[PDB]
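The residues making up each chain are set out below.
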Amino acid sequence: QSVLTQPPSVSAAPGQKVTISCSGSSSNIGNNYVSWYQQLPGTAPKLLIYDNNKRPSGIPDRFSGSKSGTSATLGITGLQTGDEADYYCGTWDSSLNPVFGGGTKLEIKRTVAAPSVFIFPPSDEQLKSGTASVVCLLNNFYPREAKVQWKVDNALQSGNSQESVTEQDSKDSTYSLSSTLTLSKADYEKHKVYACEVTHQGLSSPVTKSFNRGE
Amino acid sequence: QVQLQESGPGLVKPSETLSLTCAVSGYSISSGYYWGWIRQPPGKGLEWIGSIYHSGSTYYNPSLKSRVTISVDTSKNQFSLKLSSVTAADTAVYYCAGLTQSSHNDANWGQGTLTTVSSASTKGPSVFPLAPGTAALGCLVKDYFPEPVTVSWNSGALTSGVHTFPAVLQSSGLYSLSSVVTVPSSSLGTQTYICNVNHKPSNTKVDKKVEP
């Protein structure tokens, strides 16, 4: 899909400036105007800059753009937590058809924050159907790297869980992570102790949250 | 305000034709300088599909042109995309967009609609509680296909502290997703918490109360 090259990611702290580059060719950026878009997670691209350096109404002057040769650059000053987003450049190609870059994710730097850990047994309703999902939540931590280990009756589980991580929080720049361990009902009823053990740079030693089935 | 809204998300089988519409509000479709479509494959950037101008002239991405038809229905104030002979390579969020006046320099975009091309079939979710001086609680939205689901809390009244995670694709070929919220412990006995789940591809909506 993409024809223009952008860095995968950039990062800076609040209040700072970042630049995001877009590299093309003579026949696209070389000859044509460049636009830039912001894509907040889950939303459509929103135009920040058109005709290389012009802002539409509503876009603050913290955003700026320029073009030189076969490259273009977006600048964002005075960074705010709400600026966490993917950013895309766009131009026109030798046929005057729109083309786009691959996106750059902006991450906001913040201080280390340990997660708050919670474990959830399977519900009785899910059990009634024949399955047991056990969920462990790691809430509002930074940086993104974290490790979850599941243990059932002290057996380390490997391969039986899946996890996902939210995009950075628009207000506090933290991440959260959910991990689901899945067992059949029969297997779940064979064991007592379900434990989620969490390692993170914010924790001076691993934190374990556990429950005993049925207790 | 000018609003564009794509038809709903869903599933199309390989070799069949993808059909989307975009309803325009707050602007007469015949007045638009151009209307068009851009897609975004999962985890990737933007890819233009085509445009139709006020004159009726169309221009399509040359890699898709044989498969693409864009047209305008002035009675419905809508424009459309048909993409024939789809394959899993056409899985993407599809956005409609247009520019209301040629003088104007900021096109209006729709919200995007995820179209998944698969030989799997539509399945609605089961919703389970994640039962709870901070308490966490949530909903597990399990075993649905295709994406997406949306989740709100308390009919949109509760937004602070909500985290709705990306779904994971299970080995069964079905998605599972969790949404959680952290709340005061003391509210658990007095405040009702309901997760509002919508899986538009199966027309499945469920409001699940989560109790301690």
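Parameters at a glance
By convention in this text, residue numbers begin from 1 on each chain and track the written sequence, not necessarily the entry numbering, and residues missing coordinates are not displayed. Here the convention is simple: chains get letters from A, ligands get numbers from 1, in the order in which they are written. Hydrogens and water molecules were not included; the side-chain quantities draw on all heavy atoms of the structure. Residues with missing side-chain atoms are left out of burial classes, side-chain pairs and their counts. Aromatic rings from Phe, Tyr and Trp, with only the six-membered ring used for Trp, were paired whenever their centres fell within 6.5 Å, and each pair was classed as stacked if the ring planes differed by under 30 degrees, edge-to-face if by over 60, and tilted otherwise. Think of it in three bands: residues with accessible area under 20% of the maximum for their type are buried, residues over 50% are exposed, and the middle band is partly exposed, with areas taken using a 1.4 Å probe on protein chains only. Numbered from the N terminus, helices here are DSSP runs of H or I no shorter than four residues, and strands are runs of E no shorter than two. Here, any two strands with at least 2 DSSP bridges between them count as paired. Angles here are taken between N-to-C directions and fall from 0 to 180 degrees, while the axes themselves are lines fitted to C-alpha atoms, restricted in helices to the stretch in contact. When two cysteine sulfur atoms are found within 2.5 Å, that pair is recorded as a disulfide. Residue ranges labeled as domains rest on an automatic or database domain assignment. Should any heavy atoms of two residues lie within 4.5 Å, those residues are counted as being in contact. Note on definitions: buried area is the accessible-area loss of two parts on being combined, 1.4 Å probe, summed for both. The salt bridge definition used is simple: a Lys or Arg side-chain nitrogen within 4 Å of an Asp or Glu carboxyl oxygen. Residues adjacent in sequence count toward polar contacts only when both atoms are side-chain atoms; beyond that, a polar contact is any pair of N or O atoms within 3.5 Å, and within protein one must be able to donate a hydrogen and the other to accept it.

Structure determination for this PDB entry is given in the record as X-ray crystallography, at a resolution of 1.50 Å.

Considering all chains together, one arrives at 14 aromatic pairs over all chains under this definition. Seen in terms of ring centroids, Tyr53(B) and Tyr59(B) are 6.2 Å apart; in terms of plane orientation they differ by 85°. Their pairing is edge-to-face. Among the aromatic residues, those joined into a ring-pair cluster are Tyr37(A), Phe100(A), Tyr95(B) and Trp109(B).

Moving on to the pairing of strand β9 (residues 104-108) of chain A. All names here are of chain A. In β9, alternate side chains face the same way, and those of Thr104, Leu106 and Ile108 are buried while those of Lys105 and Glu107 on the opposite face are not. Direction of pairing for strand β1 (residues 9-12) relative to β9: parallel, over a ladder of four bridges. Residue pairing for β9: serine 9 is matched across the bridge by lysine 105. Examined bridge by bridge, strand β7 (residues 85-92) and β9 share three bridges and lie antiparallel to one another. Its bridge partner being in β9, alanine 85 is matched across the sheet by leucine 106.

Residue and element names in this part refer to chain B. With antiparallel pairing, four strands are arranged side by side in an open sheet as β1-β3-β8-β7. The open sheet has two free edges, formed respectively by β1 (3-6) and β7 (68-73), since each of these has just one partner strand. Strand-to-strand, the axes of this sheet are offset by a mean angle of 20°, without reference to chain direction. Sheet topology note: the β7/strand β8 (residues 78-83) ladder contains six bridges and is antiparallel.

In this structure the tally under the stated criterion is four disulfides over all chains. Between the sulfur atoms of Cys136(A) and its disulfide partner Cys196(A) the distance amounts to 2.0 Å. Disulfide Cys136(A)-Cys196(A): torsion about the S-S bond near -80°, hence left-handed. With a gap of 60 residues between them, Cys136(A) in strand β11 (residues 131-141) and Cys196(A) in strand β16 (residues 193-199) connect regions that are remote in the sequence. Looking at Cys136(A), the relative accessible area reads 0%, which means it is buried. One disulfide bridge connects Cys22(B) with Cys96(B), the sulfur atoms lying 2.2 Å from each other.

Residue and element names in this part refer to chain A. The assigned domain composition of chain A is domain 1 (2-110) and domain 2 (111-215). When each unit is reduced to the centre of its C-alpha atoms, the spacing between domain 1 and domain 2 is 37 Å. Facing the 10 residues of domain 1 at the interface are 13 residues of domain 2. When the two sides are added together, the surface that domain 1 and domain 2 hide from each other amounts to roughly 930 Å², 37% of it contributed by carbon and sulfur. It is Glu84, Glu107 and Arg110 that lose the most area in domain 1 upon contact with domain 2, and together they represent 67% of the buried surface on that side. Our count for the domain 1 to domain 2 interface comes out at one salt bridge. With its nearest N and O atoms 2.9 Å apart, the salt bridge here joins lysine 105 to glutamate 167. At the boundary of domain 1 with domain 2, the tally comes to eight residue pairs in polar contact.

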